[PDB]
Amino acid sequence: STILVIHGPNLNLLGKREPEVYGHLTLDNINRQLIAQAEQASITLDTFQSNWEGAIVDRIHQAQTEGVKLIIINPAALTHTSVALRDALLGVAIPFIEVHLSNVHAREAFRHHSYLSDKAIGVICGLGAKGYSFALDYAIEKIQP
């Protein structure tokens, strides 16, 4: 049983600019936490980040061939824009949970719309890095009850 965590564009910047501005937490820190959590449950977990939509689509297609059972995805800005991503997830038919670090509803009106949310199992937003850890918890329970 395999779980894949996908991080969308710009998330690589976490913790890089003036770690007093938006905090010290990095993408690598998040991935480490998740890997450890998954190891504790004897679940294999892979992670992927890219700024390039095509790479993310290719990565989803590959997940199908690897037997991935569930995707945890923070599509970042692609949530609002990418029908290709939606069609990738639906095309491979791997269930997914959508996660955002920040509360997208508290920001500009264009951020209120998603091409993924309605097909997700569920969505977590605004709880920071712990959102990913919750999604993973849910996923573990669902894969190994």
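The term rigid core refers to the maximal set of C-alpha atoms that superpose within 1.5 Å between the two forms. All residue numbers refer to positions in the sequence shown, first residue = 1.
- Taking 22 to 30 and 76 to 84 in turn, the stretch whose Cα atoms are more displaced from the shown form in 8 other deposited structures of this protein following rigid core superposition is 22 to 30.
- The mean C-alpha temperature factor is higher for 34 to 42 when 34 to 42 and 90 to 98 are set side by side.
- Higher average CA B factor: 23 to 31, of the stretches 23 to 31 and 100 to 108.
- When the C-alpha B factors of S117, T65, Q49, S82 are read from the deposited coordinates, the top value falls at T65.
- Among all modelled residues in its chain, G15 ranks in the highest third by Cα B-factor.
- Annotation for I6: C-alpha temperature factor in the lowest third relative to the rest of the modelled chain, per the entry.
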